[PDB]
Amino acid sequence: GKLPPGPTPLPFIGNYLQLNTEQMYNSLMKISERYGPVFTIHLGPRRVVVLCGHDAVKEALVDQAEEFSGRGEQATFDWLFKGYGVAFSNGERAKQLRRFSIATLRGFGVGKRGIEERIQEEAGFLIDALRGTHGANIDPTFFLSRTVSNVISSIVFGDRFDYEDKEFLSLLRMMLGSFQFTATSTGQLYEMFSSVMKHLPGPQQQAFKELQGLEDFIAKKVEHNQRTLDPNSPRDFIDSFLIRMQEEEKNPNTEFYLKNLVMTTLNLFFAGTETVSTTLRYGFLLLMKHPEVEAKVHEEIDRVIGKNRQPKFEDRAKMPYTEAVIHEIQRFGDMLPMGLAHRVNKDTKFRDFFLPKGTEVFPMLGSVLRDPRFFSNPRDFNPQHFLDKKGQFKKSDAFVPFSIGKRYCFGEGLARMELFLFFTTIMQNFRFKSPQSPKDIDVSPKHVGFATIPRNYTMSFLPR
């Protein structure tokens, strides 16, 4: 092999002395700024090829899609999944469960009228909850996550949760807690030194405890389902998997067994919850920071959908400004800045480099979402990045919040429908009020690591 150039590492600690665990994105970008957009870095004992900018990322993930379709490490989650489940797995296993998850979610109305209806109804219940706060100052966090979570929960568990179910709230905290840990300094230090840190006291233990509790929950729901299963009428994702497992009992090479079931279900429940929930939370903060933007959105809502009927996904075609604002919310939000790690599944010639089988690869989505060749004010919240001169919606090939290539988020259709329906349906009813003036609202992220987390804040939902 002939790996890209990079800073010389020390034994075991790797390039530790040249990385800021508190902001790995900037540290890697600082290093890019001197070795090129493609370089080698050593996270502790892990050798990783980093890709920065739309071009390097796009050349690998899309132009050589098959070769870069492997899955690399994500230490915190691997602690729990250990190669099982659809997301944090490789080869035939990732292939099967992905093929199956995709077909099953569609079977349950994802990307169709069915789920749009599910979302509309849940969007409904959220309005009730927010209106029931009667303009009181609140943390929107769990109001948003309970709503978001109910959509995917309807699909995997069969029905939604009551907004007051205490275990439900408990599960939401484990998710927010463990997801957030991966964004912190210790969470990133964990990506380098997990072989030593998993045995030491620290926030990593709390994160593990949380992951274990979510798995415990799922195994419980699986057992139940098993005893009341009707192999002729699947009620949810779990039944469909149980049925598939039934059919594959004879095959001793099948990927369809309980562990993959529990983990795949967790992947869907967790990602189906925390991602959209985090983007909505961030979005509101940005909207109250730019009242002028929330304004032009209301005007497009009232003018196209009206103050009467509930929004529908189809309305996005007549609302380029709202679509722009949402895209910009996602671009700015940069949820997974270093993306989710990939790895080459064979010896690969990439540019003037030769990456041996198994080499980890970080597709830095954050550097694509902020690429200066595609955005003029990469570091600012500006809805214009997605609107042309005439004021129409303008796509950008640098918009990759969902990644690209063969491992691209297959939950993308569902997320955009939820993002469009919750934002629009929420603002059709309310105007956002912050207890601080737009000038003092800090929209810089609270933590940036595996994920980008918004600062805590309270707000008021006042009727329009």
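The numbering used is simple: start at 1 and walk along the sequence shown. For the two forms, the rigid core is made up of the largest set of C-alpha atoms that agree within 1.5 Å on superposition.
Taking the rigid core as the alignment reference, the C-alpha atoms of 106-114 lie farther on average from the displayed form in 4 other deposited structures of this protein than those of the other stretch among 328-336 and 106-114. Remark: stretch with higher mean C-alpha B factor among 212-220 and 157-165 is 157-165.
Per the PDB record, of the two stretches 267-275 and 113-121, 113-121 carries the greater mean B-factor over its C-alpha atoms.
In this structure the maximum Cα B-factor among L365, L229, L355, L144 is found at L229.
Note on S240, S178, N253, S89: the highest value goes to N253, judged by CA B factor as recorded. In this PDB entry, the Cα temperature factor of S437 sits in the top third of its chain's modelled residues, the highest group. Among the modelled residues of its chain, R235 has a C-alpha B-factor that falls in the highest third according to the deposited record. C409 sits in the middle third of its chain by CA B factor, as recorded in the PDB entry.
Ranked by Cα temperature factor within the chain, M192 sits in the lowest third according to the deposited record. When all modelled residues of the chain are sorted by CA temperature factor, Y84 is found within the lowest third.
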